[PDB]
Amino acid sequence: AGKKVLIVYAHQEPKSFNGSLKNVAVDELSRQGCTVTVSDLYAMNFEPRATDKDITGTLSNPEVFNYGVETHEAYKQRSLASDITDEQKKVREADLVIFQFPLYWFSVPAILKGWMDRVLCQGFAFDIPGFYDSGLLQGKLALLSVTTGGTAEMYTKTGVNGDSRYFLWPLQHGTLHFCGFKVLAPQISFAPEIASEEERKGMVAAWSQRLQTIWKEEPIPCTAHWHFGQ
């Protein structure tokens, strides 16, 4: 038995609604007997910028810096910065990776975009021919637990923001599926700032309730059809 879960958390305030969702996930998964690790990006002051400091020692081409090539070579030569490799070890061992974050401009907050940019490097998360279905992190599950400022109605086909699946494409398909992750249906907690205490306590309970059978869930068919089709 036993499963390992990594929660990559991106919120500045422990008392926030995101903080409560993160804490409920830790509590429930821990109660189930799961091995749980949390990467609290803001508390770690995680570096988001992709720079040459991500490679220790000497570059393979110090004349013209190419981040993708340098990190690919550094990964193979075990020469990546320790913050990056500390994260890859957590991801390598994880059976499920949960990303907990507030939607920032239809996407992840920059600190979490930086985690994706620097941690999921070529050789570790993908390569030729390991991508999408054959991505290097195949066999692992991933799930986006997002909170929004806009209401559910706003995120409908005819709402101003359009369908939620529209902004999910770059994250779910372009990133998670690309690295070989089987993607579980997103958990979207719509406009918690607006909601009442009851509705709030209700979205948290739904999440805690869903986590009870998380290992029984089937991955979504990560296709353009799923995100855009009828």
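Between two forms, the rigid core is the largest collection of C-alphas that superpose within 1.5 Å. Residue numbers here begin at 1 and follow the sequence given.
- The higher RMS C-alpha distance to the shown form in 9 other deposited structures of this protein, out of 176 to 184 and 53 to 61, belongs to 53 to 61, with every structure fitted on the core.
- Two stretches, 115 to 123 and 128 to 136, are weighed by how far their CA atoms sit from the shown form in 9 other deposited structures of this protein after rigid core superposition; the farther one is 128 to 136.
- Mean CA B-factor, 16 to 24 versus 213 to 221: the higher value falls on 213 to 221.
- Look at the mean CA B-factor for 145 to 153 and for 84 to 92 in the entry; the higher one is 145 to 153.
- The maximum CA B-factor among the listed residues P102, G123, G114, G159, taken from the PDB record, is found at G159.
- Note on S39, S60, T35, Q172: the highest value goes to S60, judged by CA B factor as recorded.
- In the PDB entry, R118 places in the lowest third of its chain by CA B-factor.
- Among the modelled residues of its chain, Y67 has a C-alpha B-factor that falls in the middle third, as given in the PDB entry.
- Residue-level temperature factors show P48 in the lowest third of its chain, judged at the C-alpha atom.
- When the modelled residues of the chain are ordered by their C-alpha B factor, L184 lands in the middle third.
- When the modelled residues of the chain are ordered by C-alpha B-factor, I194 sits in the highest third.
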